[PDB]
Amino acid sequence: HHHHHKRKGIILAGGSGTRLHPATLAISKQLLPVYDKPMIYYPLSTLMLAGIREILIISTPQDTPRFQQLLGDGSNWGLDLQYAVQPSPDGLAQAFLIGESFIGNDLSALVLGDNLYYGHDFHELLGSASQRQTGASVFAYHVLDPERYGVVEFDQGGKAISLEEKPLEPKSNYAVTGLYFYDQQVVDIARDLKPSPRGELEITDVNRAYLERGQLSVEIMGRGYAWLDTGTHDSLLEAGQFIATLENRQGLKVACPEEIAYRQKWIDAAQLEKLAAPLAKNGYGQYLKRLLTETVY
(Lines of atoms letter the chains of each structure in order from A and count residues from 1; the text may use other names and numbers.)
(Lines give C-alpha, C1' and ligand atoms only; values in the text may rest on other atoms or scores of the structure.)
Protein backbone atom coordinates (compact mmCIF):
# COMPACT_ATOMS: atom_id res chain seq x y z
CA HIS A 1 0.00 0.00 0.00
CA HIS A 2 1.00 3.55 -0.75
CA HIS A 3 -0.03 6.53 1.33
CA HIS A 4 -1.11 9.76 -0.33
CA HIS A 5 -0.59 12.49 2.27
CA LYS A 6 7.21 19.50 -5.54
CA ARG A 7 8.09 19.40 -9.28
CA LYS A 8 11.55 18.23 -10.44
CA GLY A 9 13.57 19.84 -13.25
CA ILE A 10 15.75 18.35 -15.98
CA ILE A 11 18.11 20.30 -18.28
CA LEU A 12 19.23 18.40 -21.35
CA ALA A 13 22.67 19.76 -22.26
CA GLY A 14 24.19 16.98 -24.36
CA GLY A 15 26.09 19.12 -26.89
CA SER A 16 25.07 19.29 -30.57
CA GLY A 17 26.85 16.51 -32.55
CA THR A 18 29.16 17.87 -35.29
CA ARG A 19 26.66 20.56 -36.41
CA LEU A 20 28.55 23.57 -35.02
CA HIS A 21 32.02 22.07 -35.47
CA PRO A 22 34.66 23.42 -35.50
CA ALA A 23 33.46 26.11 -33.05
CA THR A 24 32.28 23.40 -30.63
CA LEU A 25 35.14 20.89 -31.00
CA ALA A 26 36.67 21.95 -27.65
CA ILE A 27 33.48 22.50 -25.58
CA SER A 28 29.78 21.81 -25.44
CA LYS A 29 27.45 24.38 -26.98
CA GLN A 30 25.62 24.76 -23.67
CA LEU A 31 28.83 26.00 -22.07
CA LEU A 32 29.41 28.70 -24.74
CA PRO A 33 28.60 32.07 -23.27
CA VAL A 34 25.67 34.14 -24.50
CA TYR A 35 27.11 37.62 -23.93
CA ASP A 36 28.28 37.68 -20.27
CA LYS A 37 27.34 34.22 -18.94
CA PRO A 38 27.30 30.52 -19.80
CA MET A 39 24.38 29.50 -22.06
CA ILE A 40 23.13 27.01 -19.50
CA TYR A 41 22.48 29.90 -17.02
CA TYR A 42 19.46 30.90 -19.15
CA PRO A 43 17.50 27.59 -19.05
CA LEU A 44 18.58 27.00 -15.44
CA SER A 45 17.30 30.45 -14.53
CA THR A 46 14.05 29.49 -16.33
CA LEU A 47 13.47 26.43 -14.14
CA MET A 48 14.32 28.58 -11.09
CA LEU A 49 11.77 31.16 -12.17
CA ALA A 50 9.28 28.29 -12.35
CA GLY A 51 9.98 27.62 -8.62
CA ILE A 52 11.98 24.43 -9.31
CA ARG A 53 14.84 23.81 -6.87
CA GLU A 54 15.65 20.12 -7.60
CA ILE A 55 17.33 19.83 -10.97
CA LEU A 56 19.13 17.18 -13.04
CA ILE A 57 21.71 18.30 -15.57
CA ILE A 58 22.18 15.74 -18.34
CA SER A 59 25.34 16.16 -20.43
CA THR A 60 27.98 14.15 -22.29
CA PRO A 61 30.49 12.07 -20.30
CA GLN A 62 33.23 14.39 -21.63
CA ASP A 63 31.77 17.65 -20.33
CA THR A 64 29.90 16.70 -17.11
CA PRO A 65 32.92 17.73 -14.98
CA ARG A 66 32.96 21.26 -16.53
CA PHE A 67 29.22 21.64 -15.73
CA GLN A 68 29.93 20.42 -12.18
CA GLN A 69 32.80 22.93 -11.77
CA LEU A 70 30.54 25.72 -12.97
CA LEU A 71 27.39 24.80 -11.10
CA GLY A 72 28.44 22.55 -8.21
CA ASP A 73 25.72 20.88 -6.18
CA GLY A 74 23.51 24.01 -6.29
CA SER A 75 23.86 24.73 -2.58
CA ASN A 76 25.39 28.17 -3.23
CA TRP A 77 22.04 29.15 -4.88
CA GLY A 78 19.54 27.33 -2.69
CA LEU A 79 19.20 24.47 -5.19
CA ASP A 80 20.03 20.79 -5.38
CA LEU A 81 21.78 19.88 -8.60
CA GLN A 82 22.34 16.32 -9.66
CA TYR A 83 24.14 15.13 -12.79
CA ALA A 84 23.68 12.33 -15.33
CA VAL A 85 25.47 11.43 -18.56
CA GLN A 86 24.08 10.77 -22.01
CA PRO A 87 26.58 8.40 -23.69
CA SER A 88 24.89 8.71 -27.09
CA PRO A 89 22.58 11.46 -28.43
CA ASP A 90 19.47 9.26 -28.86
CA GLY A 91 16.95 12.14 -28.53
CA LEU A 92 15.17 14.50 -26.11
CA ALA A 93 12.66 11.97 -24.68
CA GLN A 94 15.60 9.91 -23.43
CA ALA A 95 15.87 12.44 -20.58
CA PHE A 96 13.04 10.59 -18.82
CA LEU A 97 14.73 7.16 -18.92
CA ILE A 98 18.10 8.63 -17.92
CA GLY A 99 16.26 10.63 -15.25
CA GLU A 100 13.85 7.90 -14.15
CA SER A 101 15.43 7.39 -10.71
CA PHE A 102 15.83 11.17 -10.30
CA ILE A 103 12.17 11.82 -11.07
CA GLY A 104 10.74 9.13 -8.77
CA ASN A 105 6.98 9.66 -8.24
CA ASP A 106 7.10 13.45 -8.77
CA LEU A 107 5.88 15.86 -11.41
CA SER A 108 8.61 17.08 -13.77
CA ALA A 109 9.72 19.74 -16.21
CA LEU A 110 12.19 19.51 -19.06
CA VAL A 111 14.12 22.39 -20.60
CA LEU A 112 16.61 22.37 -23.45
CA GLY A 113 19.97 23.62 -22.20
CA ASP A 114 20.35 25.85 -25.29
CA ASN A 115 16.91 27.61 -25.11
CA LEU A 116 16.80 31.30 -24.05
CA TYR A 117 13.58 33.11 -23.11
CA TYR A 118 12.85 36.68 -22.16
CA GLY A 119 9.72 38.69 -21.42
CA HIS A 120 7.28 40.38 -19.12
CA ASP A 121 5.28 38.23 -16.72
CA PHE A 122 7.39 35.17 -17.68
CA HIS A 123 7.18 34.18 -14.02
CA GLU A 124 3.39 34.07 -14.23
CA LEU A 125 3.43 32.20 -17.59
CA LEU A 126 5.61 29.50 -15.96
CA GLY A 127 3.64 29.46 -12.67
CA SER A 128 0.40 28.56 -14.46
CA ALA A 129 2.09 25.66 -16.24
CA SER A 130 3.69 24.51 -12.96
CA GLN A 131 0.36 24.55 -11.11
CA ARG A 132 -1.39 22.32 -13.63
CA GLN A 133 -0.54 19.16 -11.67
CA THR A 134 -2.28 16.84 -14.10
CA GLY A 135 -1.49 16.36 -17.77
CA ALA A 136 1.24 18.05 -19.76
CA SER A 137 1.82 21.73 -20.48
CA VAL A 138 3.78 23.18 -23.37
CA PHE A 139 4.10 26.53 -25.08
CA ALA A 140 3.52 27.52 -28.70
CA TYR A 141 5.36 30.44 -30.29
CA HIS A 142 5.03 32.03 -33.71
CA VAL A 143 8.18 31.62 -35.77
CA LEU A 144 9.39 32.33 -39.30
CA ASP A 145 10.48 28.71 -39.99
CA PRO A 146 8.06 26.28 -38.27
CA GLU A 147 9.34 23.40 -40.49
CA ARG A 148 12.35 23.23 -38.13
CA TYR A 149 10.23 22.45 -35.12
CA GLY A 150 7.39 20.54 -33.60
CA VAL A 151 4.36 22.39 -34.97
CA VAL A 152 0.99 22.73 -33.30
CA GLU A 153 -2.24 22.94 -35.35
CA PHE A 154 -5.25 24.73 -33.94
CA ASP A 155 -8.96 24.63 -34.88
CA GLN A 156 -11.05 27.82 -35.36
CA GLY A 157 -11.79 27.81 -31.62
CA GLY A 158 -8.07 27.89 -30.73
CA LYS A 159 -7.98 24.25 -29.58
CA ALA A 160 -4.79 22.28 -30.36
CA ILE A 161 -5.80 19.43 -32.66
CA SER A 162 -2.50 18.01 -34.00
CA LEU A 163 1.28 17.95 -33.61
CA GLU A 164 3.83 17.24 -36.32
CA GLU A 165 7.61 17.02 -35.97
CA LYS A 166 9.37 19.04 -38.70
CA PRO A 167 6.59 18.97 -41.29
CA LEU A 168 7.56 19.99 -44.85
CA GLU A 169 4.24 21.88 -45.07
CA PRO A 170 3.52 23.27 -41.58
CA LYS A 171 -0.17 23.58 -40.66
CA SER A 172 0.70 26.76 -38.71
CA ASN A 173 3.64 28.96 -37.81
CA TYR A 174 3.34 27.90 -34.15
CA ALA A 175 6.34 25.98 -32.91
CA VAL A 176 6.45 24.01 -29.66
CA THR A 177 9.18 25.58 -27.51
CA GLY A 178 11.86 23.66 -25.59
CA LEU A 179 10.13 23.90 -22.24
CA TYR A 180 7.85 21.10 -21.10
CA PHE A 181 5.88 20.37 -17.91
CA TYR A 182 4.78 16.77 -17.15
CA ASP A 183 2.83 14.76 -14.62
CA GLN A 184 3.81 11.28 -13.38
CA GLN A 185 2.66 9.60 -16.65
CA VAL A 186 5.69 10.76 -18.67
CA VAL A 187 8.34 8.13 -17.76
CA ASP A 188 6.03 5.23 -18.80
CA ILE A 189 5.04 7.01 -22.01
CA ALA A 190 8.76 7.55 -22.67
CA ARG A 191 9.69 3.92 -21.92
CA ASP A 192 7.16 2.79 -24.58
CA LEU A 193 8.50 5.04 -27.39
CA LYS A 194 10.09 3.50 -30.51
CA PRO A 195 12.94 5.41 -32.18
CA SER A 196 11.80 7.67 -35.05
CA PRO A 197 12.98 7.32 -38.68
CA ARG A 198 16.24 8.89 -37.39
CA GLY A 199 16.81 6.44 -34.51
CA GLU A 200 15.69 9.11 -32.07
CA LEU A 201 13.22 9.17 -29.14
CA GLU A 202 10.90 12.10 -29.97
CA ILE A 203 9.46 14.57 -27.49
CA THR A 204 6.65 15.29 -30.00
CA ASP A 205 5.49 11.64 -29.70
CA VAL A 206 5.35 12.15 -25.92
CA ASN A 207 3.29 15.32 -26.31
CA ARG A 208 1.06 13.61 -28.87
CA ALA A 209 0.42 10.81 -26.34
CA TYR A 210 -0.85 13.45 -23.90
CA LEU A 211 -2.87 15.12 -26.68
CA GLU A 212 -4.51 11.77 -27.53
CA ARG A 213 -5.46 11.33 -23.82
CA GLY A 214 -7.01 14.85 -23.91
CA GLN A 215 -4.38 15.98 -21.37
CA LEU A 216 -2.22 18.46 -23.30
CA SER A 217 -2.47 22.14 -22.41
CA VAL A 218 -0.99 24.38 -25.10
CA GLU A 219 -0.50 27.93 -23.76
CA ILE A 220 0.45 30.57 -26.34
CA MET A 221 3.75 32.31 -25.65
CA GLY A 222 2.90 35.67 -27.25
CA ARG A 223 4.90 37.86 -29.65
CA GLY A 224 6.02 40.12 -26.82
CA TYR A 225 8.21 37.25 -25.55
CA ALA A 226 11.60 36.59 -27.09
CA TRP A 227 12.46 32.94 -27.63
CA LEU A 228 15.95 33.23 -29.06
CA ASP A 229 17.38 30.88 -31.70
CA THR A 230 20.75 29.26 -30.79
CA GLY A 231 20.76 26.75 -33.68
CA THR A 232 23.30 28.56 -35.88
CA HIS A 233 26.47 30.65 -35.42
CA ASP A 234 24.44 33.54 -36.82
CA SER A 235 21.59 33.14 -34.31
CA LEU A 236 24.10 32.65 -31.45
CA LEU A 237 25.60 36.01 -32.30
CA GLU A 238 22.12 37.61 -32.43
CA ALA A 239 21.30 36.06 -29.05
CA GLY A 240 24.40 37.65 -27.53
CA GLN A 241 23.69 41.09 -29.04
CA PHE A 242 20.03 40.87 -27.83
CA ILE A 243 21.01 40.15 -24.23
CA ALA A 244 23.70 42.86 -24.35
CA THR A 245 21.31 45.54 -25.60
CA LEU A 246 18.77 44.69 -22.89
CA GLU A 247 21.33 44.56 -20.05
CA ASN A 248 23.33 47.64 -21.04
CA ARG A 249 20.12 49.62 -21.38
CA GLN A 250 18.55 48.54 -18.10
CA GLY A 251 21.47 47.86 -15.79
CA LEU A 252 19.60 44.63 -15.01
CA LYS A 253 20.69 41.16 -16.04
CA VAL A 254 18.73 38.41 -17.79
CA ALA A 255 19.00 34.95 -16.21
CA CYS A 256 21.41 35.77 -13.34
CA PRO A 257 20.85 32.70 -11.09
CA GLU A 258 22.20 34.44 -7.95
CA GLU A 259 19.58 37.16 -8.35
CA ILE A 260 16.68 34.80 -9.04
CA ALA A 261 17.56 32.68 -5.99
CA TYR A 262 17.69 35.89 -3.91
CA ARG A 263 14.29 37.11 -5.19
CA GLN A 264 12.81 33.61 -4.68
CA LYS A 265 14.07 33.85 -1.07
CA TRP A 266 16.23 30.75 -1.54
CA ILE A 267 19.30 32.68 -0.42
CA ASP A 268 19.57 35.73 1.88
CA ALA A 269 21.46 39.02 1.71
CA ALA A 270 24.49 37.64 3.61
CA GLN A 271 24.82 34.63 1.26
CA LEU A 272 24.36 36.89 -1.79
CA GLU A 273 27.13 39.12 -0.39
CA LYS A 274 29.45 36.07 -0.19
CA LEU A 275 28.75 35.04 -3.82
CA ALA A 276 29.67 38.59 -4.87
CA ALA A 277 33.12 38.57 -3.16
CA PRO A 278 35.01 36.33 -5.64
CA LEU A 279 33.87 38.39 -8.67
CA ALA A 280 34.05 41.85 -6.99
CA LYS A 281 36.58 43.11 -9.58
CA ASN A 282 34.24 42.58 -12.58
CA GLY A 283 30.76 43.88 -13.47
CA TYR A 284 29.10 40.56 -12.58
CA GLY A 285 30.18 40.67 -8.90
CA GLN A 286 29.53 44.43 -8.77
CA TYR A 287 26.04 43.71 -10.10
CA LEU A 288 25.41 41.17 -7.32
CA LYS A 289 26.59 43.69 -4.69
CA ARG A 290 24.30 46.45 -6.01
CA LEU A 291 21.26 44.15 -5.71
CA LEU A 292 21.76 44.09 -1.90
CA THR A 293 20.91 47.81 -1.57
CA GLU A 294 18.45 48.51 -4.38
CA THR A 295 14.73 47.93 -4.67
CA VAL A 296 13.93 46.61 -8.17
CA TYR A 297 10.24 46.29 -9.02
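We call the rigid core the largest set of C-alpha positions that still match within 1.5 Å between the two forms. Note that residue numbering begins at 1 and tracks the sequence as displayed.
Student: Rigid core fitted first, then name the stretch among 229 to 237 and 46 to 54 whose C-alphas deviate most from the displayed form in 8 other deposited structures of this protein.
Tutor: Evaluated in 8 other deposited structures of this protein, the stretch farther from the shown form is 229 to 237.
Student: Averaging CA B factors per stretch from the PDB record, which one is higher: 195 to 203 or 94 to 102?
Tutor: Averaging CA B-factors over each stretch, the winner is 195 to 203.
Student: Can you tell me which stretch has the higher mean Cα B-factor, 37 to 45 or 265 to 273?
Tutor: Comparing averages over the C-alpha atoms only gives 265 to 273.
Student: For the listed residues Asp145, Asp188, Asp183, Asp114, which one has the largest C-alpha B-factor as given in the deposited model?
Tutor: Reading the PDB entry, the winner on C-alpha B-factor is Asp188.
Student: Considering only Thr177, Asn173, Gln133, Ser108, which residue's Cα atom bears the greatest B-factor as recorded?
Tutor: Result of the comparison over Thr177, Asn173, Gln133, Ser108: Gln133.
Student: Once the chain's modelled residues are ordered by C-alpha B factor and cut into thirds, is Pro257 in the lowest, middle or highest one?
Tutor: Lowest third.
Student: Please rank the C-alpha B-factors of the chain's modelled residues and tell me whether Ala280 sits in the lowest, middle or highest third.
Tutor: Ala280: CA B-factor falls in the highest third of its chain.
Student: Taking the entry's C-alpha B-factors for this chain, is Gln62 in the lowest, middle or highest third?
Tutor: Highest third, going by the recorded CA B-factors of the chain.
Student: Taking the C-alpha B-factors as the PDB entry records them, is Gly78 in the lowest, middle or highest third of its chain?
Tutor: According to the entry, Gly78 has a C-alpha B-factor in the chain's middle third.
Student: Divide the modelled residues of the chain into thirds by Cα B-factor and specify which third, lowest, middle or highest, holds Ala239.
Tutor: As the PDB entry reports it, the C-alpha B-factor of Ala239 lands in the lowest third of its chain.
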